[PDB]
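Data file: input-v2.cif. Format and content: mmCIF, C-alpha atoms and all ligand atoms.
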data_protein
loop_
_atom_site.label_atom_id
_atom_site.label_comp_id
_atom_site.auth_asym_id
_atom_site.auth_seq_id
_atom_site.Cartn_x
_atom_site.Cartn_y
_atom_site.Cartn_z
CA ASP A 8 112.79 83.17 55.12
CA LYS A 9 114.06 85.72 57.62
CA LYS A 10 110.55 87.09 58.12
CA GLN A 11 109.10 83.68 58.96
CA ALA A 12 111.93 83.03 61.42
CA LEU A 13 111.24 86.44 62.95
CA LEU A 14 107.54 85.70 63.33
CA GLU A 15 108.28 82.35 64.98
CA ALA A 16 110.84 84.02 67.26
CA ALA A 17 108.41 86.79 68.19
CA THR A 18 105.73 84.15 68.94
CA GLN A 19 107.92 82.31 71.45
CA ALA A 20 109.30 85.47 73.06
CA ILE A 21 105.93 87.22 73.34
CA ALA A 22 104.28 84.06 74.68
CA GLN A 23 106.95 83.85 77.36
CA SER A 24 107.47 87.53 78.17
CA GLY A 25 104.50 89.46 76.81
CA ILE A 26 104.76 92.48 74.54
CA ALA A 27 107.64 93.73 76.67
CA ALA A 28 109.84 91.28 74.74
CA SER A 29 112.56 93.43 73.21
CA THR A 30 113.05 93.60 69.46
CA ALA A 31 116.73 92.85 70.12
CA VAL A 32 115.99 89.49 71.77
CA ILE A 33 113.52 88.50 69.05
CA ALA A 34 116.09 89.33 66.36
CA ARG A 35 118.79 87.25 68.07
CA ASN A 36 116.63 84.13 68.45
CA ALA A 37 115.67 84.49 64.77
CA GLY A 38 119.39 84.67 63.96
CA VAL A 39 119.43 88.20 62.52
CA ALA A 40 120.51 91.68 63.49
CA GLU A 41 117.94 93.96 65.09
CA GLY A 42 118.08 96.30 62.11
CA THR A 43 117.02 93.28 60.05
CA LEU A 44 113.93 92.93 62.24
CA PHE A 45 113.14 96.57 61.58
CA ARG A 46 113.94 95.90 57.93
CA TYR A 47 110.81 93.69 57.80
CA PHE A 48 108.66 95.44 60.46
CA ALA A 49 108.84 99.24 60.48
CA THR A 50 108.18 99.45 64.25
CA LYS A 51 107.68 97.07 67.16
CA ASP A 52 103.99 97.99 67.08
CA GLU A 53 103.79 96.86 63.46
CA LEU A 54 105.46 93.58 64.42
CA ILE A 55 102.88 93.15 67.20
CA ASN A 56 100.01 93.75 64.79
CA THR A 57 101.42 91.64 61.94
CA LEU A 58 102.19 88.77 64.31
CA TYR A 59 98.70 88.89 65.81
CA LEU A 60 97.05 88.61 62.38
CA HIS A 61 99.49 85.87 61.35
CA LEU A 62 98.58 83.81 64.43
CA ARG A 63 94.86 84.48 64.04
CA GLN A 64 95.09 83.36 60.42
CA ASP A 65 96.76 80.13 61.54
CA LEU A 66 94.03 79.51 64.11
CA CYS A 67 91.30 80.40 61.62
CA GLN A 68 92.63 77.90 59.08
CA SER A 69 91.91 75.21 61.65
CA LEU A 70 88.56 76.67 62.75
CA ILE A 71 87.29 76.92 59.16
CA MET A 72 88.68 73.67 57.70
CA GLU A 73 87.17 71.76 60.61
CA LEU A 74 83.85 73.63 60.69
CA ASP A 75 80.93 71.22 60.43
CA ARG A 76 78.68 73.62 58.54
CA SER A 77 75.68 71.37 58.49
CA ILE A 78 75.13 73.83 61.40
CA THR A 79 73.09 77.08 61.32
CA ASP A 80 72.25 77.57 65.01
CA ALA A 81 74.70 80.20 66.23
CA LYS A 82 75.44 78.65 69.64
CA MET A 83 75.99 75.24 68.07
CA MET A 84 78.38 76.77 65.52
CA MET A 85 80.21 78.58 68.30
CA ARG A 86 80.54 75.38 70.33
CA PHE A 87 82.19 73.73 67.34
CA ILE A 88 84.48 76.72 66.87
CA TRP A 89 85.36 76.66 70.56
CA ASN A 90 86.19 72.95 70.42
CA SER A 91 88.41 73.45 67.37
CA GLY A 92 90.15 76.39 68.99
CA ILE A 93 90.79 74.40 72.17
CA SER A 94 92.41 71.66 70.06
CA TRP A 95 94.47 74.21 68.16
CA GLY A 96 95.64 75.94 71.35
CA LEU A 97 96.60 72.68 73.01
CA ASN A 98 98.53 71.70 69.88
CA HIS A 99 100.17 75.14 69.73
CA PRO A 100 100.40 76.51 73.29
CA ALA A 101 102.92 79.22 72.43
CA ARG A 102 100.84 80.48 69.49
CA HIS A 103 97.78 80.59 71.72
CA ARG A 104 99.62 82.32 74.58
CA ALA A 105 101.04 84.87 72.12
CA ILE A 106 97.54 85.63 70.85
CA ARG A 107 96.43 86.22 74.44
CA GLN A 108 99.41 88.46 75.24
CA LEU A 109 98.83 90.46 72.04
CA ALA A 110 95.05 90.68 72.43
CA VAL A 111 95.18 92.22 75.94
CA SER A 112 98.03 94.59 74.97
CA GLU A 113 95.91 97.52 73.67
CA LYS A 114 98.53 97.81 70.91
CA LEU A 115 96.25 96.28 68.24
CA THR A 116 94.97 98.81 65.71
CA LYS A 117 91.52 99.35 64.25
CA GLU A 118 92.72 97.96 60.90
CA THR A 119 94.02 94.83 62.62
CA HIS A 120 90.75 94.26 64.49
CA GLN A 121 88.79 94.77 61.26
CA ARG A 122 90.95 92.34 59.27
CA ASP A 123 90.77 89.83 62.12
CA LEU A 124 86.96 89.93 62.15
CA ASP A 125 86.72 89.74 58.40
CA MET A 126 88.99 86.69 58.13
CA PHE A 127 86.14 84.55 59.46
CA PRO A 128 82.85 86.16 58.44
CA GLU A 129 80.51 83.71 60.17
CA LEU A 130 82.29 84.18 63.49
CA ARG A 131 82.26 87.97 63.00
CA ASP A 132 78.53 87.99 62.33
CA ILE A 133 77.80 85.94 65.45
CA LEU A 134 80.00 88.12 67.66
CA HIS A 135 78.32 91.31 66.46
CA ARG A 136 74.86 89.77 67.02
CA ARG A 137 75.53 88.11 70.36
CA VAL A 138 78.48 89.57 72.28
CA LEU A 139 77.59 92.16 74.93
CA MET A 140 77.99 95.52 73.18
CA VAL A 141 80.58 96.84 75.63
CA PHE A 142 82.95 93.93 74.83
CA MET A 143 82.97 94.71 71.09
CA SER A 144 83.61 98.40 71.75
CA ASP A 145 86.96 100.04 71.10
CA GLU A 146 87.12 101.00 74.79
CA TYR A 147 86.65 97.53 76.31
CA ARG A 148 87.30 94.99 73.54
CA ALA A 149 90.69 94.14 74.99
CA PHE A 150 89.01 93.38 78.33
CA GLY A 151 86.36 91.23 76.65
CA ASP A 152 89.15 89.37 74.86
CA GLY A 153 91.01 89.03 78.14
CA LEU A 154 87.97 87.49 79.85
CA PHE A 155 87.33 85.15 76.92
CA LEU A 156 90.96 84.04 76.75
CA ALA A 157 91.18 83.57 80.53
CA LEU A 158 88.26 81.13 80.35
CA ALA A 159 89.71 79.46 77.25
CA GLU A 160 93.12 78.99 78.92
CA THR A 161 91.57 77.60 82.11
CA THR A 162 89.50 75.18 80.04
CA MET A 163 92.61 74.08 78.12
CA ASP A 164 94.59 73.62 81.33
CA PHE A 165 91.97 71.40 82.94
CA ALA A 166 91.34 69.44 79.74
CA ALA A 167 95.06 68.82 79.24
CA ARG A 168 95.55 67.62 82.81
CA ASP A 169 92.44 65.37 83.03
CA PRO A 170 91.80 63.97 79.53
CA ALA A 171 89.09 61.61 80.80
CA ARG A 172 87.05 64.71 81.70
CA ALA A 173 88.34 66.85 78.83
CA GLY A 174 85.06 66.80 76.90
CA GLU A 175 83.11 67.86 80.00
CA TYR A 176 85.55 70.66 80.86
CA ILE A 177 85.43 71.92 77.29
CA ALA A 178 81.62 71.92 77.30
CA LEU A 179 81.31 73.54 80.73
CA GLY A 180 83.92 76.15 79.86
CA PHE A 181 82.15 77.03 76.61
CA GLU A 182 78.83 77.35 78.42
CA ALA A 183 80.30 79.55 81.16
CA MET A 184 82.00 81.75 78.58
CA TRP A 185 78.75 81.99 76.60
CA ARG A 186 76.81 83.14 79.65
CA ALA A 187 79.53 85.61 80.61
CA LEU A 188 80.05 87.30 77.24
CA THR A 189 76.86 87.01 75.20
CA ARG A 190 73.29 88.21 75.46
CA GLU A 191 70.09 87.20 73.74
CA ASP B 8 108.05 82.17 114.38
CA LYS B 9 109.26 79.50 111.97
CA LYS B 10 105.74 78.27 111.17
CA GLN B 11 104.85 81.74 109.92
CA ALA B 12 108.19 81.94 108.09
CA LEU B 13 107.42 78.61 106.43
CA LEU B 14 103.93 79.76 105.43
CA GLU B 15 105.36 82.94 103.91
CA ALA B 16 108.14 81.09 102.07
CA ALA B 17 105.54 78.59 100.83
CA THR B 18 103.31 81.45 99.64
CA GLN B 19 106.04 82.97 97.50
CA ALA B 20 107.30 79.64 96.15
CA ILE B 21 103.87 78.27 95.28
CA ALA B 22 102.82 81.60 93.75
CA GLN B 23 105.80 81.29 91.41
CA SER B 24 106.01 77.56 90.74
CA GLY B 25 102.64 76.12 91.68
CA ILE B 26 102.39 73.08 93.90
CA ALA B 27 105.51 71.76 92.16
CA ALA B 28 107.43 74.15 94.46
CA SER B 29 110.04 72.10 96.30
CA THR B 30 109.78 71.63 100.07
CA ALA B 31 113.58 71.77 100.22
CA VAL B 32 113.44 75.24 98.65
CA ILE B 33 110.58 76.43 100.87
CA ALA B 34 112.44 75.24 103.97
CA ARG B 35 115.72 76.82 102.89
CA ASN B 36 113.93 80.11 102.16
CA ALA B 37 112.38 80.05 105.64
CA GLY B 38 115.82 79.48 107.13
CA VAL B 39 115.21 75.93 108.39
CA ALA B 40 116.24 72.39 107.50
CA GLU B 41 113.79 70.51 105.29
CA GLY B 42 113.04 68.08 108.13
CA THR B 43 111.93 71.09 110.18
CA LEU B 44 109.29 71.87 107.56
CA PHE B 45 107.83 68.42 108.15
CA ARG B 46 107.75 68.95 111.90
CA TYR B 47 105.23 71.75 111.26
CA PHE B 48 103.36 70.08 108.37
CA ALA B 49 103.07 66.31 108.31
CA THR B 50 103.13 66.08 104.50
CA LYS B 51 103.38 68.30 101.45
CA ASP B 52 99.65 67.81 100.87
CA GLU B 53 99.00 69.02 104.42
CA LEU B 54 101.20 72.06 103.77
CA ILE B 55 99.15 72.76 100.63
CA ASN B 56 95.84 72.51 102.50
CA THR B 57 96.98 74.43 105.58
CA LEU B 58 98.52 77.21 103.48
CA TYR B 59 95.32 77.50 101.47
CA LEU B 60 93.28 77.96 104.65
CA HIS B 61 95.89 80.38 106.02
CA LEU B 62 95.68 82.59 102.91
CA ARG B 63 91.89 82.32 102.68
CA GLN B 64 91.69 83.37 106.35
CA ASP B 65 93.76 86.47 105.56
CA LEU B 66 91.59 87.34 102.58
CA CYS B 67 88.40 86.73 104.57
CA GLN B 68 89.56 89.08 107.33
CA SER B 69 89.47 91.91 104.78
CA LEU B 70 86.23 90.67 103.17
CA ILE B 71 84.44 90.46 106.53
CA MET B 72 85.82 93.71 107.95
CA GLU B 73 84.85 95.66 104.85
CA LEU B 74 81.40 94.18 104.19
CA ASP B 75 78.55 96.69 104.60
CA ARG B 76 76.20 94.86 106.96
CA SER B 77 73.17 96.93 105.91
CA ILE B 78 73.19 95.14 102.52
CA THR B 79 70.82 92.17 102.45
CA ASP B 80 70.54 91.48 98.70
CA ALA B 81 72.74 88.49 97.84
CA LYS B 82 74.01 89.79 94.51
CA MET B 83 74.80 93.24 95.94
CA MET B 84 76.59 91.59 98.89
CA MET B 85 78.61 89.58 96.39
CA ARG B 86 79.45 92.69 94.37
CA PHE B 87 80.83 94.23 97.58
CA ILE B 88 82.76 91.05 98.41
CA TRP B 89 84.19 90.88 94.89
CA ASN B 90 85.41 94.46 95.09
CA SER B 91 86.99 93.85 98.51
CA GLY B 92 88.68 90.75 97.13
CA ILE B 93 90.04 92.64 94.11
CA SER B 94 91.50 95.22 96.49
CA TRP B 95 93.07 92.54 98.66
CA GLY B 96 94.52 90.71 95.68
CA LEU B 97 96.00 93.89 94.21
CA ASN B 98 97.58 94.60 97.60
CA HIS B 99 98.80 91.00 97.98
CA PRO B 100 99.45 89.64 94.49
CA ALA B 101 101.58 86.72 95.67
CA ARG B 102 99.00 85.65 98.24
CA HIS B 103 96.27 85.77 95.62
CA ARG B 104 98.38 83.94 93.06
CA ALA B 105 99.18 81.27 95.64
CA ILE B 106 95.45 80.85 96.35
CA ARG B 107 94.87 80.41 92.62
CA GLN B 108 97.65 77.82 92.26
CA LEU B 109 96.35 75.87 95.27
CA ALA B 110 92.69 76.07 94.24
CA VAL B 111 93.21 74.53 90.78
CA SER B 112 95.66 71.89 92.03
CA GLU B 113 92.96 69.34 93.01
CA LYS B 114 94.98 68.72 96.20
CA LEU B 115 92.50 70.55 98.45
CA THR B 116 90.29 68.13 100.33
CA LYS B 117 86.52 68.29 100.77
CA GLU B 118 87.12 69.03 104.46
CA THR B 119 89.40 71.93 103.57
CA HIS B 120 86.73 73.37 101.27
CA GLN B 121 84.17 73.00 104.07
CA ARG B 122 86.43 74.72 106.64
CA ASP B 123 87.24 77.42 104.10
CA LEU B 124 83.66 78.50 103.46
CA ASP B 125 82.78 78.17 107.15
CA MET B 126 85.16 81.09 107.83
CA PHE B 127 82.71 83.40 105.99
CA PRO B 128 79.19 82.03 106.49
CA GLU B 129 77.45 84.77 104.48
CA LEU B 130 79.57 83.92 101.46
CA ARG B 131 79.13 80.18 102.07
CA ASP B 132 75.36 80.47 102.22
CA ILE B 133 75.15 82.56 99.05
CA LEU B 134 77.42 80.17 97.12
CA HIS B 135 75.31 77.17 98.08
CA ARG B 136 72.12 78.99 97.09
CA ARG B 137 73.26 80.58 93.84
CA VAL B 138 76.27 78.84 92.27
CA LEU B 139 75.42 76.35 89.53
CA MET B 140 75.26 72.92 91.16
CA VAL B 141 78.00 71.48 88.94
CA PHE B 142 80.50 74.03 90.23
CA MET B 143 79.73 73.20 93.86
CA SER B 144 80.12 69.45 93.20
CA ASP B 145 83.19 67.57 94.40
CA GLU B 146 84.09 66.60 90.86
CA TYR B 147 84.00 70.07 89.24
CA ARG B 148 84.59 72.48 92.15
CA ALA B 149 88.25 72.95 91.23
CA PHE B 150 87.24 73.88 87.69
CA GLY B 151 84.60 76.28 89.00
CA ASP B 152 87.27 77.90 91.17
CA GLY B 153 89.62 77.99 88.18
CA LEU B 154 87.07 79.86 86.07
CA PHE B 155 86.29 82.25 88.92
CA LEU B 156 89.95 82.94 89.63
CA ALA B 157 90.76 83.38 85.92
CA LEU B 158 88.14 86.12 85.71
CA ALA B 159 89.35 87.58 89.01
CA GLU B 160 92.99 87.72 87.90
CA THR B 161 92.03 89.22 84.52
CA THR B 162 90.02 91.90 86.30
CA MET B 163 92.96 92.62 88.62
CA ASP B 164 95.36 92.75 85.68
CA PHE B 165 93.32 95.33 83.80
CA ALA B 166 92.57 97.43 86.87
CA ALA B 167 96.28 97.50 87.72
CA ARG B 168 97.49 98.31 84.19
CA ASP B 169 94.75 100.87 83.48
CA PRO B 170 93.68 102.26 86.88
CA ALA B 171 91.69 105.09 85.23
CA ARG B 172 89.01 102.49 84.40
CA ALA B 173 89.40 100.24 87.47
CA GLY B 174 85.79 100.62 88.62
CA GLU B 175 84.46 99.66 85.19
CA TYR B 176 86.76 96.63 84.89
CA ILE B 177 85.72 95.54 88.37
CA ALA B 178 82.01 95.93 87.60
CA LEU B 179 82.20 94.28 84.17
CA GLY B 180 84.32 91.43 85.51
CA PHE B 181 81.91 90.82 88.39
CA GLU B 182 78.89 90.60 86.07
CA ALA B 183 80.73 88.25 83.70
CA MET B 184 81.79 86.04 86.60
CA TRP B 185 78.29 86.13 88.07
CA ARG B 186 76.70 85.03 84.80
CA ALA B 187 79.40 82.38 84.26
CA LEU B 188 78.97 80.71 87.63
CA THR B 189 75.44 81.30 89.01
CA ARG B 190 71.79 80.60 88.33
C1 LIG C 201 90.08 78.09 72.86
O1 LIG C 201 90.63 79.28 72.28
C2 LIG C 201 89.87 79.86 71.25
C3 LIG C 201 88.68 79.29 70.80
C4 LIG C 201 87.98 79.96 69.76
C5 LIG C 201 88.50 81.14 69.17
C6 LIG C 201 87.73 81.89 68.10
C7 LIG C 201 87.24 83.19 68.65
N1 LIG C 201 88.01 84.26 68.40
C8 LIG C 201 87.70 85.49 68.91
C9 LIG C 201 86.57 85.73 69.72
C10 LIG C 201 85.73 84.58 70.02
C11 LIG C 201 84.59 84.76 70.87
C12 LIG C 201 83.81 83.64 71.11
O2 LIG C 201 82.68 83.69 71.87
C13 LIG C 201 82.36 84.95 72.49
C14 LIG C 201 84.14 82.38 70.59
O3 LIG C 201 83.29 81.32 70.91
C15 LIG C 201 83.53 80.10 70.22
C16 LIG C 201 85.24 82.19 69.79
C17 LIG C 201 86.07 83.34 69.50
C18 LIG C 201 89.71 81.67 69.69
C19 LIG C 201 90.37 81.00 70.72
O4 LIG C 201 91.56 81.47 71.24
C20 LIG C 201 92.24 82.55 70.57
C1 LIG C 202 89.13 89.01 93.29
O1 LIG C 202 89.42 87.84 94.06
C2 LIG C 202 88.46 87.33 94.95
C3 LIG C 202 87.25 87.99 95.24
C4 LIG C 202 86.33 87.37 96.14
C5 LIG C 202 86.62 86.15 96.77
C6 LIG C 202 85.61 85.44 97.67
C7 LIG C 202 85.11 84.21 97.02
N1 LIG C 202 85.74 83.07 97.30
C8 LIG C 202 85.38 81.89 96.70
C9 LIG C 202 84.38 81.78 95.73
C10 LIG C 202 83.69 83.01 95.40
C11 LIG C 202 82.65 82.99 94.43
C12 LIG C 202 82.01 84.18 94.11
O2 LIG C 202 81.00 84.28 93.21
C13 LIG C 202 80.60 83.05 92.55
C14 LIG C 202 82.39 85.38 94.73
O3 LIG C 202 81.68 86.52 94.34
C15 LIG C 202 81.96 87.73 95.02
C16 LIG C 202 83.40 85.42 95.68
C17 LIG C 202 84.09 84.19 96.01
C18 LIG C 202 87.85 85.51 96.41
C19 LIG C 202 88.74 86.13 95.53
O4 LIG C 202 89.95 85.54 95.21
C20 LIG C 202 90.32 84.37 95.95
#
Let me see whether you can do it: turn the structure in this file into structure tokens.
Ligand SMILES: COc1ccc(Cc2nccc3cc(OC)c(OC)cc23)cc1OC
Ligand SMILES: COc1ccc(Cc2nccc3cc(OC)c(OC)cc23)cc1OC
Amino acid sequence: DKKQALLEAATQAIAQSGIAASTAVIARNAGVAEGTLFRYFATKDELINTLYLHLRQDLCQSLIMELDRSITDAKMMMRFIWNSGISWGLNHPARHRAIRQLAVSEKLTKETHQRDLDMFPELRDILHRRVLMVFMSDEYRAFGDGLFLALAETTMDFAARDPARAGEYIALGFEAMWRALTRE
Amino acid sequence: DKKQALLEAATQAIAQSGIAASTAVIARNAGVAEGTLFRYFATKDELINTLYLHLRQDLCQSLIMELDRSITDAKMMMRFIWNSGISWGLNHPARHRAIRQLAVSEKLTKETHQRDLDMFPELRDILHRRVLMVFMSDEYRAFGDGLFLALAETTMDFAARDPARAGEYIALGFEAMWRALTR
């Protein structure tokens, strides 16, 4: 599948180099001509948006399959989601870094954000109820995502380096993020 | 001054590579033999700690010089200090990135942390009064600094890429950081 090879190649290149990764380099590492990349993605912006949703879907498969939903308290559910996302990101550091590079890019469309939210309805509902309004807004969502992902990456880095304390770092990082980004 | 040249070469190398930066490379980039580096710094860990204090001293010179001394409210003082620090880091991205790499390395000693905050007593006193106790503890201070510096660098990134909203990024990032780290 040329498209799957392109998505994997875009993941690695955008993780490494951000959205400034050129469509010509992505094509080469996928083993195809650049016109072939545009054969599957009309523009680079479409590739950015398609890749983002592809990576979010991969993450969400882990978040949802793992979700202990004997849980109805929102913060408890979010802690579980956080823990699962930490595990996913440590297992897939390039996929996680690509999500972060794409999320802070301001290239993601309204349709992409809507589909992203709707892929995981329980998470969506909690974010709309609890995240500070400015960080769900079109104007500042990318900044809210940037702050969230900065705290997530720091938590992952410390957990990876000091596994004896990993559970404590993950808990403290979740709690700091929760205070920073949510309101009662 | 080869000590200053070594500190500058160490700043750029550690900003790029973290504390894995090679002392042979730092010495070569300062134009001296590697053994000359160790005449100025007894060990690589001492270089790490001295450089951290050197860069924190530079930052604090701006923080202290800029601080409005008529402000007595702790949070408002910290908002001013945050803004001054954002300005300094945007003007000196390698120095700030080196501080971040050194802070999260866990190679900074308790004494170095003490000497660091003693350079800016107003900041020191506010941190001890307001930061969550876990993030002032020896065991989790490096993580507290990592969270702080992650929010700081994200704020700098957005203010630099979208300067038309710099004041809003700086204010939103401060409040997020403040809620993350204080009680
Ligand atoms: C550790 O990394 C993650 C952990 C959880 C998620 C799921 C998620 N996506 C978007 C916004 C989120 C916002 C959250 O809280 C504000 C949150 O708390 C668990 C999870 C969120 C994504 C993650 O990275 C993309
Ligand atoms: C934007 O970058 C900075 C801004 C302020 C400072 C000063 C400072 N140093 C250590 C811990 C700090 C912790 C703070 O709040 C918890 C704080 O609020 C203004 C400033 C802090 C350092 C900064 O980077 C090293």
task: Give me, please, the distance in Å between CA of residue 53 (chain A) and CA of residue 164 (chain B), quoted to one decimal.
output: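 Value for the CA of residue 53 (chain A)-CA of residue 164 (chain B) distance: 24.1 Å.
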Write out as AutoDock Vina command-line options an axis-aligned box for ligand LIG 202 (chain C): all of its atoms listed in the file, 6 Å added on each side, centre and edge lengths in Å with one decimal.
--center_x 85.5 --center_y 85.4 --center_z 95.1 --size_x 21.7 --size_y 19.2 --size_z 17.1
- prompt: Which residues form the shell of 8 Å around ligand LIG 201 (chain C) when you count all atoms listed in the file, given as a PyMOL selection string?
  reply: chain A and resi 63+66-67+70+84-96+103+106-107+130+134+137-138+152+155-156+159-160+162-163+181+184-185+188-189
message: Let me see if you get this right: every residue at most 8 Å from ligand LIG 202 (chain C), counting all atoms listed in the file, written as JSON, numbers by chain.
response: {"B": [63, 66, 67, 70, 84, 85, 86, 87, 88, 89, 90, 91, 92, 93, 94, 95, 96, 103, 106, 107, 124, 130, 134, 137, 138, 152, 155, 156, 159, 160, 162, 163, 181, 184, 185, 188, 189]}
- request: Write out as a ChimeraX atom specification the residues lying within 12 Å of residue 121 (chain B), counting all atoms listed in the file and excluding same-chain residues fewer than 3 positions away.
  value: /B:56,60,115-118,124-128,131-132,135,143,145,148
task: Give me, as a count of residues only, the contact residues of chain B against chain A at a cut-off of 6 Å, counting only C-alpha atoms.
output: 5
query: Taking into account all atoms listed in the file, which residue in the set B:8, B:175, B:169, B:80 is nearest to residue 37 (chain B)?
result: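 Under the stated criterion, the closest residue is B:8.
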field: Among the residues B:105, B:83, B:49, B:62, the one that comes closest to residue 23 (chain B) [using all atoms listed in the file]
entry: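 Under the stated criterion, the closest residue is B:105.
Reported to one decimal place, the separation of CA of residue 111 (chain B) from CA of residue 40 (chain B) is 28.5 Å.
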message: Set the distance at 10 Å and use all atoms listed in the file: which residues neighbour residue 58 (chain A) once local chain neighbours fewer than 4 positions away are removed? I'd like the list as number ranges by chain.
response: A: 13-15, 17-18, 21, 52-54, 62-64, 102, 105-106, 109
- request: Have a look at A:76, A:131, A:10, A:99 and name the one nearest to residue 39 (chain A); count all atoms listed in the file.
  value: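 Distance minimum relative to residue 39 (chain A) lands on A:10.
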task: State, in Å with one decimal place, the distance from CA of residue 102 (chain B) to CA of residue 12 (chain B).
output: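 These atoms are spaced 14.0 Å apart.
Minimum distance to residue 127 (chain A) across A:72, A:140, A:177, A:78 (counting all atoms listed in the file) occurs at A:72.
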What's around residue 149 (chain B) at 7 Å? Count all atoms listed in the file, leave out sequence neighbours fewer than 2 positions away in its own chain, and write the answer as a PDB file with C-alpha atoms, keeping the file's coordinate frame.
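Contents of selection-v4.pdb, freshly written:
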ATOM      1  CA  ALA B 110      92.690  76.070  94.240  1.00  0.00           C
ATOM      2  CA  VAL B 111      93.210  74.530  90.780  1.00  0.00           C
ATOM      3  CA  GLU B 113      92.960  69.340  93.010  1.00  0.00           C
ATOM      4  CA  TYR B 147      84.000  70.070  89.240  1.00  0.00           C
ATOM      5  CA  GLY B 151      84.600  76.280  89.000  1.00  0.00           C
ATOM      6  CA  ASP B 152      87.270  77.900  91.170  1.00  0.00           C
ATOM      7  CA  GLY B 153      89.620  77.990  88.180  1.00  0.00           C
TER       8      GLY B 153
END
- prompt: Which is closer to residue 109 (chain B) than all the others in B:171, B:22, B:13, B:74, using all atoms listed in the file?
  reply: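 Ranking B:171, B:22, B:13, B:74 by distance to residue 109 (chain B), first place goes to B:22.
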